[PDB]
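Only one chain comes next, encoded as structure tokens, the form deposited in one PDB entry.
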């Protein structure tokens, strides 16, 4: 889904350290990790940014969190983690294809950036 490097990964055109996959999303380790465990859960549907997600995409967005929570458990993150969604410039969004970050394996700090 899409014209970003994330679309290419979804189409298996380029490799990724794929963690989990179903009919509507894909989870894989972040190529530039900011913690001992740092992964991403993305919808196969190309939604460029969270700000343009439709009301109808509600449960799908919720599914990215459920999948993230499940993957977190199976990667051994028993002491906690942080989920992050970045939007546009001030938010530091690196790829215009909606993605949920999950970071753990270390004490995350405050503020969150």
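Residue numbers count along the first chain shown, from 1.
Subject >> 32-40 set against 72-80, stretch whose average Cα temperature factor tops the other in the entry >> reply: Higher mean C-alpha B-factor: 72-80.
Original post:
Got a sec? Mean C-alpha B-factor, which is higher, 1-9 or 104-112?
Top reply: According to the entry, 1-9 carries the higher average C-alpha B-factor.
Original post:
Against its chain's modelled residues, does residue 89's Cα B factor rank lowest, middle or highest third?
Top reply: Answer is highest: the recorded C-alpha B-factor places it there.
Subject >> residue 61 - which third its CA temperature factor falls in, relative to the rest of the chain >> reply: Its C-alpha B-factor belongs to the middle third of this chain's values.
**OP:** Going by the recorded CA B-factors, say which third of the chain residue 47 sits in, lowest, middle or highest.
**Re:** For residue 47, whose C-alpha B-factor we compare with every modelled residue in the chain, the answer is the highest third.
Original post:
Among the modelled residues of its chain, does the C-alpha B-factor of residue 53 lie in the lowest, middle or highest third?
Top reply: Ranked within chain, residue 53 CA B lands in the highest tercile.
Just so you know, the form solved in complex with a small molecule exists too; it's not on screen, but the next bit is about it.
**OP:** Taking 4.5 Å between heavy atoms as the contact cutoff, choose which of 52, 31, 65, 73 touches the small molecule in the deposited bound form.
**Re:** Result of the distance check: 31.
Original post:
Is residue 86 close to the small molecule in the deposited bound form, meaning a heavy atom pair under 4.5 Å apart or at it?
Top reply: Residue-level check for residue 86: yes, a contact with the small molecule.
Original post:
Applying a 4.5 Å heavy atom distance criterion, does residue 27 contact the small molecule in the deposited bound form?
Top reply: No, residue 27 is distant from the partner.
**OP:** Examine residue 41 and determine whether its closest non-hydrogen atom to the small molecule in the deposited bound form is within 4.5 angstroms.
**Re:** Residue 41: no, not in contact with the small molecule in the deposited bound form.
Original post:
Applying a 4.5 Å heavy atom distance criterion, does residue 95 contact the small molecule in the deposited bound form?
Top reply: Flag for residue 95 set to yes.
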